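Have a look below at one chain only, the form deposited in one PDB entry, in structure tokens format.
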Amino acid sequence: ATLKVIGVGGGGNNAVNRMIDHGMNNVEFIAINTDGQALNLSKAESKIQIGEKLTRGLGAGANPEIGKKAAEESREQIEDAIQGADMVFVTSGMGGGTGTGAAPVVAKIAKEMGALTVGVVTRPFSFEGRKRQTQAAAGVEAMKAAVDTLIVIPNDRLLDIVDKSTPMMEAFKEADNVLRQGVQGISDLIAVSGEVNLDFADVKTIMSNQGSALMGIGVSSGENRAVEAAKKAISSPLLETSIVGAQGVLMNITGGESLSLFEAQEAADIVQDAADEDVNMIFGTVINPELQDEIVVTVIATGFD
């Protein structure tokens, strides 16, 4: 399964650059923007400049109608860069001109191309004002109509996890975790054949045409490791959609040879209970004898809609 991450606009491109800097095994990156100068500085292997005639290589100037029209006019170039992808993650900040209008077009194209299409977008800081928030809200809704599943990160949530001195770029890389570990988690499922196996068909079942989603990874060791890791997988402060109300869950537990059936059940009960719903669970287990006391809980939750 070929997995592609697409950054759309300023924020999405920066996301792509940070994930490449961090290091991502087995993923193709595509940078899409109206802003030529920013695209030139992208570390992405594939780069698409949209709306050249519209913007003369500049950004969209906070007009999302320009972002949309730019994307529509580069439809073929977008289709070519996508083609062959089984799963596409479209990442973008909502509120500007490019991301807000272009992202939902790129997602729609991706789904049309047959890819399972996941959106990971931000909402602007409240300090950015009501217009930008309202513009972003319209983008989020268009994005929701366009993707199989949508993860939304309010930038205001970043203020909940910094101290007064945390560098902004540091905050930004934390928001990146959501996407990064979701991709790496899915990538790892697909790659390894587990003792109780989950594959891309199961990802497709859990995420297809679903609306809101949560994706998390939790890692822990020691006495209550299974429970701690399950808790961490479902507990992000950055998320608009929490685990509450989930009806479908894909949960994988990775551990060493010491992984007990009892603790697998504990982990699952943490998830089931936090959803506060009868969850349709698709359960997986991987024994990695490279690991020792570490266990890894991977969660993809949907069915909120």
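In case it trips you up, residue 1 is the first one in the sequence shown, and so on.
From this point on, the text means the form deposited with a small molecule bound, which you will not see here.
Novice: With the small molecule left out of view, which of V196, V162, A138, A145 would have a heavy atom within 4.5 Å of it in the deposited bound form?
Specialist: Partner contact (heavy atom, 4.5 Å) among the options: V196.
Novice: So, in the deposited bound form, is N252 in contact with the small molecule at a 4.5 angstroms heavy atom limit?
Specialist: Judged by the heavy-atom cut-off of 4.5 Å, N252 is in contact with the small molecule in the deposited bound form.
Novice: Can you check whether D188 is within 4.5 Å of the small molecule in the deposited bound form, heavy atom basis?
Specialist: Yes, contact at 4.5 Å.
Novice: Would you check, heavy atoms only and a 4.5 Å threshold, whether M215 touches the small molecule in the deposited bound form?
Specialist: Looking in the deposited bound form, residue contacts with the small molecule include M215, since a heavy atom lies within 4.5 Å.
Novice: Should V286 be counted as a contact of the small molecule in the deposited bound form, where contact means heavy atoms within 4.5 Å?
Specialist: Contact with the small molecule, yes.
Novice: Heavy atoms, 4.5 Å, the small molecule in the deposited bound form: which of 104-112, 178-186, 73-81, 224-232 makes the cut? Say which one.
Specialist: It is the stretch 178-186.
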